[PDB]
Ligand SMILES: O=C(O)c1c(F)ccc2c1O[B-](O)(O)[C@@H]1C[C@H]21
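Given next, in structure tokens, is a single chain: the form deposited without the named molecule.
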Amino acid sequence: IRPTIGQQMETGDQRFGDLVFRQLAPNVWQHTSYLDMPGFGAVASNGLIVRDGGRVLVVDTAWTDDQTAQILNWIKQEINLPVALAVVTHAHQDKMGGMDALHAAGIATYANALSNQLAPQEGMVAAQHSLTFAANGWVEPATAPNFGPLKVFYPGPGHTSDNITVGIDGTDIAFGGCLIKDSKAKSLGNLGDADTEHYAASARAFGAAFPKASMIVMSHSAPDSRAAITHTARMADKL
């Protein structure tokens, strides 16, 4: 009995090691990893895996190198194609905590230049390559070579000063990372590194950048429809 990963994922989300995987589209999966907070519930973070022909692309690490190695194990087991590159969406642990595992696997990594400046200070590892954004927020194409369907956008400072977002061309999906929370959320999570003045405008800019994305994928909520964007901006208004 040898079903494809797509065939297997019709049963629902799949637990794999300490992670959970969910198929969002025929070639797009959400990875979920968890940070144990002793005495409290574990903090979930989501990223993406995209099968782009004969290669795989990753958006965001897991919280740790080990969890990130578990992602790579899942990719080997279920997809059985090489991982070419990863884009990581700011210098917090949930997004860049596993850079060493990516680098050891020969994966080329990309982050906002600002994320690369901030990461080592925090005991993290910079990505190998730095993205630069035009004033309009779109990545300068020369700094994002061979990204396939990934369309990278800097919406402005919000959840952090360096937060970036990623649309997946040919799908209904845009990834807001930690900038966006779902339409039912009671809070924006930890705002300790947030730009409270600009957050709402940056959430709006993300929505405007990917107007055809009907599925909004987020780090700290399950996927939602576009109402998540204005809900997030409403929660962020006049912080």
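Residues that one form lacks are left out of the comparison. One rule holds for the numbers: they count along the sequence shown, beginning at 1. Think of the rigid core as the biggest set of C-alphas that the two forms share within 1.5 Å after superposition.
Look at the mean CA B-factor for 225 to 233 and for 21 to 29 in the entry; the higher one is 21 to 29. In this crystal structure, the stretch out of 79 to 87 and 104 to 112 whose C-alpha atoms carry the higher mean B factor is 79 to 87. Of the residues listed, 144, 166, 127, 71, the entry assigns the biggest Cα temperature factor to 144.
Taking the deposited Cα B-factors for 135, 152, 96, 131, the highest one is held by 135. When the modelled residues of the chain are ordered by C-alpha B-factor, residue 66 sits in the lowest third.
Per the PDB record, residue ranking by Cα B-factor puts residue 47 in the lowest third of the chain.
Sort the chain's modelled residues by C-alpha temperature factor and residue 60 lands in the lowest third, per the entry. In this PDB entry, the Cα temperature factor of residue 9 sits in the top third of its chain's modelled residues, the highest group.
In this PDB entry, the Cα temperature factor of residue 175 sits in the bottom third of its chain's modelled residues, the lowest group.
This next part talks about the form deposited with the named molecule bound, which is not shown.
Of the heavy atoms in residue 26, none are within 4.5 Å of the named molecule in the deposited bound form.
By the criterion of a heavy atom within 4.5 Å, residue 170 is excluded from the residues contacting the named molecule in the deposited bound form. Looking at residue 214, you'd find every heavy atom of it more than 4.5 angstroms from the named molecule in the deposited bound form. Residue contact check for residue 220: one or more of its heavy atoms lie within 4.5 Å of the named molecule in the deposited bound form. Shown without its partner, this chain lists 48, 209, 56, 188 as candidates; in the deposited bound form, only 188 has a non-hydrogen atom within 4.5 angstroms of the named molecule.
Of the stretches 90 to 98, 75 to 83, 130 to 138, 108 to 116, only 90 to 98 has residues with a heavy atom within 4.5 Å of the named molecule in the deposited bound form.
Annotation for 147 to 181: interface residues with the named molecule in the deposited bound form are 159, 178, 181 [heavy atom within 4.5 Å]. Core-aligned CA deviation for residue 53 between this form and the one not shown: less than 2 Å. When the rigid core is held fixed, the Cα atom of residue 41 travels 2 angstroms or more between this form and the one not shown. The rigid-core fit between this form and the one not shown yields exactly one 3+ residue run with every Cα displaced by 2 Å or more: 37 to 41.
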